[PDB]
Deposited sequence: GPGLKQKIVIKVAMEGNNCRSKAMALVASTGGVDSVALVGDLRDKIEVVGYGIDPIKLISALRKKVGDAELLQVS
């Protein structure tokens, strides 16, 4: 069951690269992409990804983070 998760993150390229590396390091992730006109959203695609743990980790290490999409 292939998943797509879109997360909006507070990026206050420091926070962006840090956010991207964190997500990319997560188990089950096949792809990560920085999107939005403000380049403040990350699209993650993979299998077996836990979005709750991912949000918790972004909030702890990068900044506030919100789930926009899970499909």
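S.K.: Give me the ranges of the deposited sequence that have no CA atoms here, in sequence order.
M.R.: Several stretches lack coordinates - namely 1-3, 16, in sequence order.
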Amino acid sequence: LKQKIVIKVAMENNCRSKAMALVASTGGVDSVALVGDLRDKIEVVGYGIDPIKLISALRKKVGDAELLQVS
From here on, numbers count along this sequence of modelled residues.
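S.K.: Does at least a third of the other compared PDB entries (those resolving both flanking residues) leave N13 without coordinates?
M.R.: Looking at the other entries that model residues on either side of it, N13 is missing from at least a third.
S.K.: Got a sec? Mean C-alpha B-factor, which is higher, 13-21 or 46-54?
M.R.: The entry gives the higher C-alpha B-factor average to 13-21.
S.K.: Going by what the PDB entry lists, where does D30 fall on CA B-factor within its chain: lowest, middle or highest third?
M.R.: Answer is lowest: the recorded C-alpha B-factor places it there.
S.K.: By the record's CA B-factor, is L1 among the lowest, middle or highest third of residues in the chain?
M.R.: Ranked within chain, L1 CA B lands in the highest tercile.
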